Structure formats: C-alpha cells, structure tokens
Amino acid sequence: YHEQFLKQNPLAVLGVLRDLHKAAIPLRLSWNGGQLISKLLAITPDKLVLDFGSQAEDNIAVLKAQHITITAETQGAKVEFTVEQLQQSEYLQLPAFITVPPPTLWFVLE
C-alpha cells in the first residue's frame, strides 16, 4: 500500500483500533495455510480480544501460526495489520484469541 495509509506511533494505531471496535465490522484473520472470519470483541491500550472462528480446526491452526494478518473493510476503507502471536483466552464465557496492538497499522482510504 501507499505509505500515506501508514499509522506508526502507538496513539494513532490505538485510535484506529478504537474505531474498529465500535464499528463492529467483521475481521478476516489470515495465516500461512488458511483464513477465518472474526471480530474485535474488546480493546485496551495493552490487548486485543478477537472472536474464535466457527471451525475448530481453523482456531487451532491460528494458535500455532507465527504471523497472522488481520483485515477489515467497509465503504472503501480497509484496515490491515499483522501480529506475531495469538493465545487462547476467555471472553463473555466463550473462547477467544488474545493478542497485543501492532507497532504499525494500515488504514487505507483508497
């Protein structure tokens, strides 16, 4: 993507994630081997909580992947960032992924 759409400092990155959480649009988690549909359930300055996919084998694959690309788009605007690790946690009595904010984020307003 054009470098125009790059968010680099942690305040700007978190600001986009806050908007993404409130918009509550679907996310796509992609790794070397597959993809699944998720959602940003919760956000703090230190953590992201992501919904499990519907297929258990996808969630297991995503828990051992070493890089995960997260995408979300609506009305011509796309969010894209990569995290290095997801772990399994709990949220509202269901399993969930936990990760941490990326150091950079793409907010592509093409």
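Start at 1 and count along the sequence shown; that's the residue number.
Mean CA temperature factor is higher for 5-13 when stretches 5-13 and 97-105 are set side by side in the entry. 44-52 and 81-89 differ in mean CA B-factor, and the higher of the two is recorded for 81-89.
The PDB entry assigns the greatest CA B-factor among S38, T74, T71, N32 to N32.
When the modelled residues of the chain are ordered by their C-alpha B factor, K64 lands in the middle third.
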